[PDB]
Amino acid sequence: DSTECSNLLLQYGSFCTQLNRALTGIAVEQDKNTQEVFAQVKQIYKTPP
Amino acid sequence: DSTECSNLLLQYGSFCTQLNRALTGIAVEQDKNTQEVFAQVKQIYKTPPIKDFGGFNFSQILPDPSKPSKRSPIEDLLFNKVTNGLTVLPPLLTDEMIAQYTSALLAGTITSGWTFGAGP
Amino acid sequence: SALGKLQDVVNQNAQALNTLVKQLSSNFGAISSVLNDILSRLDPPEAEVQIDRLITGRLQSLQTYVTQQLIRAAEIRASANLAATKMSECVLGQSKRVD
Amino acid sequence: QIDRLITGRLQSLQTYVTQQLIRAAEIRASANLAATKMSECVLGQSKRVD
Amino acid sequence: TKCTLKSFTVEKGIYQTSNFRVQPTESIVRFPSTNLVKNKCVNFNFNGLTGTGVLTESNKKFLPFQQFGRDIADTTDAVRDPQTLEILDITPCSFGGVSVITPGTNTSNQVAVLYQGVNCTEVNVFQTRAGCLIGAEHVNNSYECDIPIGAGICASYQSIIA
Amino acid sequence: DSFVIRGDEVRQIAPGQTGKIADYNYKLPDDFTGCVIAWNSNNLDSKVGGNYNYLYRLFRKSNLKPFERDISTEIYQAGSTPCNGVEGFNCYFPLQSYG
Amino acid sequence: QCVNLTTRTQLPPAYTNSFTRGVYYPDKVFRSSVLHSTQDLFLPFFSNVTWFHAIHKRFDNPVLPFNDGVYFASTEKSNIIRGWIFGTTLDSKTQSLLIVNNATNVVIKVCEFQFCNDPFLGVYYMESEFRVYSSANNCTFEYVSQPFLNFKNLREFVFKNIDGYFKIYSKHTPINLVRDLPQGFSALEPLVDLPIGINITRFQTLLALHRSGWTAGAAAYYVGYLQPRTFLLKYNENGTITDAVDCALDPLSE
Ligand SMILES: *[C@@H]1O[C@H](CO)[C@@H](O[C@@H]2O[C@H](CO)[C@@H](O)[C@H](O)[C@H]2NC(C)=O)[C@H](O)[C@H]1NC(C)=O
Ligand SMILES: *[C@@H]1O[C@H](CO)[C@@H](O[C@@H]2O[C@H](CO)[C@@H](O)[C@H](O)[C@H]2NC(C)=O)[C@H](O)[C@H]1NC(C)=O
Ligand SMILES: *[C@@H]1O[C@H](CO)[C@@H](O)[C@H](O)[C@H]1NC(C)=O
Ligand SMILES: *[C@@H]1O[C@H](CO)[C@@H](O)[C@H](O)[C@H]1NC(C)=O
Ligand SMILES: *[C@@H]1O[C@H](CO)[C@@H](O)[C@H](O)[C@H]1NC(C)=O
Ligand SMILES: *[C@@H]1O[C@H](CO)[C@@H](O)[C@H](O)[C@H]1NC(C)=O
Ligand SMILES: *[C@@H]1O[C@H](CO)[C@@H](O)[C@H](O)[C@H]1NC(C)=O
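Protein chains in written order, with the authors' numbering: chain F, 745 to 793; chain C, 745 to 827, 856 to 892; chain H, 943 to 1041; chain G, 992 to 1041; chain L, 299 to 330, 530 to 620, 641 to 675, 691 to 694; chain E, 398 to 496; chain W, 14 to 69, 77 to 145, 153 to 176, 185 to 247, 257 to 298.
This is how it looks when you write it as structure tokens:
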């Protein structure tokens, strides 16, 4: 919550944006991985009773 | 162009050489990737002038003679639908040569099936 | 959105280049981001410090850019190896592998 | 002093994000392999040995 | 190339060895001062805005308030002269990589130089899309790629041909 | 390197200093290694009538190099009018004595 | 000479919507076919802009704060609005800025004016009446320039004071709307940069009387206040700002 620290951090430019974008890419990549592995069928089949 | 900046930059060593070497490795890796994907045949096969394939139509995937780029209508649509010390090196294989490789692969798989991939 | 996979790679490369060029506009704690302004306004004992701050900031930016370029190069190489496998097994032969 | 803390924490965060990206690439490769096994071993019978 | 690779024997191929930058021939100051020199790589000082570039006549339509034009990357790509109100594009001076194309030193000591992304008129001269090639003769025959140059162009030894 | 200077000029015998004897009499480099030694010599290097044996370069066209010595007793042109080796209006001797 | 105006009618000032007005060019840089994000002192979109009238008997010359900057809109016909007063105490104790546009030219003076309580100009039915200040002793800056200027004319101005520099931005728009601000977009061109170097916290609008007592010509003006914020400006192929986005207005624009 230090405003002076953020003011000094703004001198370094868009490093924080790059880190956030990389983490966002990893986060959507995990969901894409789960989608590719498990969602290979569009019909939900059931066994007979 | 600052001489003093370069003199101070020399104190940090061979960082610049490392970065240039890594970028050069990536640049040659892209050309190696294109060779591995598209240059799998050493014969440039061509389709016969008469397109008698027993009812099968390949006009949308074979190269169009009317177009100067010698691309297929599908490939032409694909190319239309994709839109301070930095340099962009051109790829070793140009787009017409990559299209020629795909045309050779198409001619081989249409006229010869899978035989051209395993030998004559 | 049919061709999103190629456009994603093009956008990522262009965005990385734009970010790397944009990082030159940052002073990284120095008085200015322009080298000529520092060299024309200050004596070499303190201009050396300001240039050193600019050098370390720009070098960190360039190393970061090279790092994600290498990671993306690995991803593109894996995709290209998969594409070469598909070219060998689906185009040059008939594949029994499901999907 | 705040600049020293900022550069240290930024270096730590860059290191963390870089190793997370490398592990993400490894997990993506493993997931691509898992999707291949799902397609070829579960949804069909595979002639590939082992 | 021997100095760059740190070896007395160089294998066959292309090796990035240096960087070619077109040096500023003159320095130009324009205040509301020296003469205005166009179409050459010169240093420029327009109203305290310093830089290095090639000044060309521009077709842009700057409104009266507007003085210097910035591109996507916030670099000054167009500037208005404060004495004669005309617009000038500022193209960055020609810079490129210098690569040395050579066969093995066991075979020959002949080399060719490639200036990447540099036209041949700002430096056996052959203009390629990859850049200007000096020392290799261009032939109309097509062979397999021995040393890759780029943009469909390759080099070989038979003298060095491209 | 032995010399005699004023009491306020002992701060100028240092790397990276701006000053008068730093520019026109004795310059230290930015990468200087060594020690500067200064001690008061009012009992030896001073006279009640004025000790004028110690001289400094008041006027020079450009700043010295580090470890550069100028003993040339040529006239200085401090105005637009050339001096031709003759004192006059804006024509001064470069070496002036401490009182 | 000063004259008290004692025939005013008491009425509260009105309020209305800013819509997408108050955008000015943030700098002197040409940009073409680009989207540029800038953080500067801007007027927020759809903000509450204060509305003042001049109609006959309304004559709105109150004392308003300046704050970080002032957007001044004018729905004007027949040339009643003539200038502005800037300062802190508006007397000879401090140094104040005078902007006037009389029948001939535009005059800007930075002097220690002893201002009147009701500064005004006058038109006789020719201009032969000027009662703004009683004295001017210490003058540092003078600048004489060209004339800047149903309601037929729309005048937009932006006044900012940063680092001792007074930036005035202006835009002249032909309109045919009767009462309120038209809904649309028009980027304000920079008009002048003055190196006045004085403290400004309060400002005054200068009007013109009509004499044939006095009569007020039909005019209306709007006062809005600038806040530090980010806008996304769109530059077309001709270098003109054609659209803008307030980055902090709503989540869609964010
Ligand atoms: C193969 O397919 C092409 C394209 O679908 C056919 O070309 C069309 O022919 C009809 C009839 O003359 C024209 O009206 C269309 O405009 C043509 N389309 C294009 C894209 O040119 C072609 O006739 C088919 N058959 C053969 C034997 O080539
Ligand atoms: C116009 O009215 C204003 C406000 O009533 C007058 O200003 C006052 O002047 C007296 C002079 O004795 C001062 O004592 C008051 O303090 C002033 N008031 C304010 C609010 O400034 C002004 O003098 C009037 N003009 C004339 C010509 O009488
Ligand atoms: C504008 O402000 C006034 C009071 O300052 C208030 O009564 C009015 O409702 C406001 N209008 C809007 C649109 O917020
Ligand atoms: C306008 O103001 C200027 C500045 O004092 C003056 O010289 C000029 O005569 C004025 N014109 C009229 C019509 O009052
Ligand atoms: C301002 O004016 C007053 C009276 O005219 C004078 O006494 C004072 O010295 C002036 N100050 C300056 C800075 O000119
Ligand atoms: C400007 O004036 C205001 C009120 O008179 C005061 O609070 C402020 O400190 C002044 N600023 C400067 C820079 O003089
Ligand atoms: C830009 O100006 C040209 C005139 O050369 C005009 O034809 C075009 O419509 C203008 N573009 C816009 C968006 O106004």
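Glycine included, each C-beta is placed from N, C-alpha and C at the ideal position.
Please return the same chain residues whose Cβ sits closer than 7 Å to the Cβ of L:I692, not counting the five positions on each side in sequence. Mapped onto the fifth sequence, residue 692 of chain L falls at position 160. Contacts found: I598, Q607, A609, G652, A653.
If we cut at 9 Å on Cβ distances, does H:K964 have a partner in chain F? Counted from its first residue, the third sequence places residue 964 of chain H at position 22. Cβ-Cβ to chain F under 9 Å: yes for H:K964.
Distance between L:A570 and H:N960 (C-alpha atoms, nearest Å): Along the third sequence, one-based indexing puts residue 960 of chain H at 18. Along the fifth sequence, one-based indexing puts residue 570 of chain L at 73. Approximately 7 Å between the Cα atoms of the pair.
Quick one: does the C-beta of W:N81 sit closer than 8 Å to a heavy atom of ligand 2? Here residue 81 of chain W refers to the residue found at position 61 when the seventh sequence is read from its first residue. W:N81: no, Cβ never under 8 Å from ligand 2.
What's the gap between the Cα of L:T531 and the Cα of L:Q580? Along the fifth sequence, one-based indexing puts residue 531 of chain L at 34. Along the fifth sequence, one-based indexing puts residue 580 of chain L at 83. Rounded to whole angstroms, L:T531 to L:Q580 spans 11 Å at the Cα level.
Residues of the segment 952-977 of chain H in Cβ contact with chain L at a cutoff of 8 Å, in chain order, please. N960, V963, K964, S967
Starting from L:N317, follow the beta strand (DSSP E) in both directions and report where the run begins and ends. Residue 317 of chain L sits at position 19 when you count from the first residue of the fifth sequence. Per DSSP, L:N317 belongs to the beta strand (DSSP E) from 311-319.
If distances are taken between C-alpha atoms only, which option among G:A1015, G:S1021, G:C1032 comes closest to F:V772? The residue you call residue 772 of chain F lines up with position 28 of the first sequence. Of the candidates G:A1015, G:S1021, G:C1032, the residue whose Cα lies closest to the Cα of F:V772 is G:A1015.
Going along the chain, which residues put their C-beta within less than 5 Å of some heavy atom in ligand 4? W:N122, W:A123, W:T124, W:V127
Is any heavy atom in ligand 1 found nearer than 8 Å to the beta carbon of C:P817? Within the second sequence, numbered from 1, the residue matching residue 817 of chain C stands at position 73. Because some heavy atom of ligand 1 lies under 8 Å away, the Cβ of C:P817 counts as near it: yes.
Would you call L:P600 buried or exposed, if buried means 16 or more other Cβ atoms sit within 10 Å of its Cβ? Taking the first residue of the fifth sequence as position 1, residue 600 of chain L is located at position 103. Buried.
Tell me the rounded alpha-carbon separation between W:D80 and W:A67. In the seventh sequence, residue 80 of chain W corresponds to position 60, counting from 1. In the seventh sequence, residue 67 of chain W corresponds to position 54, counting from 1. One C-alpha to the other measures close to 6 Å.
Report the residue ranges of all alpha helix (DSSP H) runs contained in full by the segment 952-1031 of chain H; include only those spanning at least 4 residues, in chain order. 977-983, 986-1028
Ends of the alpha helix (DSSP H) at C:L763? Sequence index remark: in the second sequence, residue 763 of chain C carries index 19 (1-based). For C:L763, the enclosing alpha helix (DSSP H) begins and ends at 759-782.
Check the Cβ of L:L560 against every Cβ in chain W and list those closer than 7 Å, keeping chain order. Reading the fifth sequence from its first residue, position 63 is the one you call residue 560 of chain L. By Cβ distance, chain W contributes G283.
Bridge partner(s) assigned by DSSP for W:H207: Counted from its first residue, the seventh sequence places residue 207 of chain W at position 172. BP columns for W:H207 point to W:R190.
Residues of the segment 414-430 of chain E with a CB closer than 9 Å to any CB of chain H: list them in chain order, please. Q414, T415, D427
Secondary structure of W:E156, DSSP reduced to three states: Mapped onto the seventh sequence, residue 156 of chain W falls at position 129. Looking at W:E156 - three-state DSSP - the assignment turns out to be strand.
Answer with yes or no whether the minimum CB distance from L:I587 to chain H is below 9 Å. On the fifth sequence, residue 587 of chain L is found 90 positions in, with the first residue counted as 1. Not an interface residue.
Is C:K795 near ligand 1, with its Cβ less than 8 Å from a heavy atom? The sequence position of residue 795 of chain C within the second sequence is 51, counting from 1. Yes - ligand 1 has a heavy atom lying nearer than 8 Å to the Cβ of C:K795.
With a threshold of 8 Å, establish whether the CB of W:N17 neighbours any heavy atom of ligand 2. The residue labelled residue 17 of chain W in the question sits at position 4 within the seventh sequence. Checking every heavy atom of ligand 2 against the Cβ of W:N17, one is found closer than 8 Å.
Proximal residues to L:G614 (C-beta, below 7 Å), its chain only, five neighbours per side dropped: Locating residue 614 of chain L in the fifth sequence gives position 117, where the first residue counts as 1. Here the set comprises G593, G648.
With respect to the beta strand (DSSP E) encompassing L:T599, which residues constitute its N-terminal and C-terminal limits? Counting from 1 along the fifth sequence, the entry for residue 599 of chain L is found at position 102. Start and end: 592-599.
By a C-beta neighbour count over all protein chains shown, 10 Å radius and 16 as the cutoff for buried, is H:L977 buried or exposed? Within the third sequence, the letter at position 35 stands for residue 977 of chain H. Around the beta carbon of H:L977, 16 or more other beta carbons lie within 10 angstroms, which makes this residue buried.
Just reading off the alpha helix (DSSP H) that W:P139 is part of, what are its end residues? Along the seventh sequence, one-based indexing puts residue 139 of chain W at 119. Note, W:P139: premise wrong, no alpha helix (DSSP H); beta strand (DSSP E) at 126-144.
Kindly examine ligand 5 and report whether one of its heavy atoms sits closer than 8 Å to the Cβ of E:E465. Numbered from 1 along the sixth sequence, position 68 holds the residue referred to as residue 465 of chain E. Not one heavy atom of ligand 5 lies closer than 8 Å to the C-beta of E:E465.
Would you say C:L753 lies against chain H (beta-carbon separation less than 9 Å)? Within the second sequence, numbered from 1, the residue matching residue 753 of chain C stands at position 9. Yes, its Cβ sits closer than 9 Å to a Cβ of chain H.
Looking at the structure shown, is W:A123 part of a helix, part of a strand, or coil, going by DSSP? If you number the seventh sequence from 1, residue 123 of chain W lands on position 103. In this structure, W:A123 counts as coil in the three-state DSSP scheme.
Where G:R1039 falls, given that 16 or more other Cβ within 10 Å makes a residue buried: Position 48 of the fourth sequence, counted from the start, is the residue given in the question as residue 1039 of chain G. G:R1039 counts as exposed, since fewer than 16 other C-beta atoms from the protein chains shown sit within 10 angstroms of its C-beta.
Look up L:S325 in the DSSP assignment and say whether it is helix, strand or coil. Looking up residue 325 of chain L in the fifth sequence gives position 27. When DSSP states are grouped into helix, strand and coil, L:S325 belongs to the strand group.
Three-state class that DSSP yields for C:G880 in the structure shown: Walking along the second sequence from the start, residue 880 of chain C turns up at place 108. Helix.
Closer than 9 Å at the beta carbon, the chain H residues around C:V826: Here residue 826 of chain C corresponds to residue number 82 of the second sequence, with the count starting at 1. The answer, in chain order, is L945, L948, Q949, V952.
L:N556 beta carbon near ligand 7 (any heavy atom closer than 8 Å): Mapped onto the fifth sequence, residue 556 of chain L falls at position 59. Checking every heavy atom of ligand 7 against the Cβ of L:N556, none is found closer than 8 Å.
Residues that DSSP places opposite L:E554 in a beta bridge: Within the fifth sequence, residue 554 of chain L is the residue found at index 57, counting from 1. In the DSSP output, where bridge partners are listed per residue, L:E554 has L:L585.
Cutoff 8 Å; reference E:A475; Cβ partners in own chain excluding five residues on either side: For the purposes of this step, residue 475 of chain E is taken as the residue at position 78 of the sixth sequence. Cβ neighbours of E:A475 beyond the five flanking positions: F456, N487, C488, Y489.
Are there 16 or more other CB atoms within 10 angstroms of the CB of L:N641, so buried, or fewer, so exposed? In the fifth sequence, the residue the question calls residue 641 of chain L occupies position 124. Here L:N641 is exposed: its Cβ has fewer than 16 other Cβ atoms, across all protein chains shown, within 10 Å.
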